[PDB]
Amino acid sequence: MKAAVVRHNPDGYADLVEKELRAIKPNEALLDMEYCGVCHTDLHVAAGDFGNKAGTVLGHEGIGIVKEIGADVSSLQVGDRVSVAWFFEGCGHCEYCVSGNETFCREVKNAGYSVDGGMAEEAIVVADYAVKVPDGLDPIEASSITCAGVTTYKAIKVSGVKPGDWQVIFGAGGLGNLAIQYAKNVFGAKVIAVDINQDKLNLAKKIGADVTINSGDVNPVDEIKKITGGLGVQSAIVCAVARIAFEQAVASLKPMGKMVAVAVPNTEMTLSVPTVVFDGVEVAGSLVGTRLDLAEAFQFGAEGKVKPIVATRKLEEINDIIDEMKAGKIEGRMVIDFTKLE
C-alpha cells in the first residue's frame, strides 16, 4: 500500500513509498485509512528536529475503518471508524497511566514519530487505544479533533475556567479558532480573542468571541483589564508563537489566574517573580489528551458545538502541503483523503 515516510536523510519532506505492513498481533487492528491531517509536527519530524526517524510512516491525525482485528480484541469490530492520534499507545500500568494522565507515560508510542502513523493507505493500531469516532461527527472534521481539537479542549480543562469566567485566547487562527469555539460553546466562558490580524478576529467574532482585540493597533493588556472590570481574565490560552503573546497573556491574568500554553514561543519567555508571588498566578501548558479527553472532544464535534476548518487533498500532494505550510498559506488543516468512493 502507499505511505508517506521520513526520508533516509531527513530533509523536511516525505518520500512516497510502497510499504507492506507486518501481520497484526492479538490485541491489534488493521485499518483502511480514510483521512489523515497534515500537521506542523509532521514537518518537524520529517525535518529531523527530534532525531532521525528515517522510514517511519508520518501522520497522527488519522481516521480509518477497521478491516481486521486480532483474536483478543473486544473493543472494536470490523467496520468501526476509529482514530490514529499522537497518543498512540501507553504502557497501561505506570504511575502516569494508572493515575489518569496516560499522555505522560514514559513508554508512550506517538503516531508518526516513534511508531508508524496514519499517513498511509493502511495502518496498524492497538485496538483499545484507537478511539472510536462518534456517528454524527463528519470524519474529515474528526481528523482535526484528534490533534487541534483534543489539545484545545484539554487545555481549557487544565485552565480551570468555569461558566461565566472571562478567558482570553491569544492567537485567533490555527488552534485559536477551535479554542474559541470550545471556550464559548462547551465551557460557557466569556471569550476575548487577541490577534495582530483583523481578518481572523472578524472570523473569531463570527464563531463566538464576545470581544476581539487587534494587538497591532493597541496594547492588549490595558484593554483586557478594562473589559473584565479592572482585574484581568481568569485564564489565557496561548495559541500564538510570538513571545510577546505569552508575556501579554501572563500580564493579563487576574490574581490566581492561569495561563495555559498550547504553542511554544520562538524566543525564551520570562516571568517577573514578585508578580507571580503577589498575584498568585499559575502558568502551565497542555498537549493533546487521554483517550477519554479525545472521546469527549469528539462528542462535542458530533453535537455541532465545534467545527474545525478542513479541506481535503490527495496523498501525492504531501510535499506541496509541506511548502504551503512553511509559506504560511494554510487556514486550519489540509487533510489527505484516501477514500475511493462516495
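When you see a residue number, it is the position in the sequence shown, counting from 1.
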Tell me which stretch, 163-171 or 203-211, has the higher mean Cα B-factor listed in the entry.
203-211
Using the B-factors recorded in the PDB entry, average over the C-alpha atoms of 310-318 and of 291-299, then report which stretch comes out higher.
310-318
Between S83, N185, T270, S144, which one tops the list for Cα B-factor in this entry?
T270
Per the deposited B-factor column, the C-alpha that peaks among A71, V150, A120, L253 belongs to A71
Chain thirds by Cα B factor, record data; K258 belongs to the lowest
For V125, does the deposited CA B-factor place it in the lowest, middle or highest third of the chain?
lowest
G48's Cα B-factor: lowest, middle or highest third of the chain?
highest
Third assignment of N219 from its chain's C-alpha B-factors
highest
Against its chain's modelled residues, does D195's Cα B factor rank lowest, middle or highest third?
highest
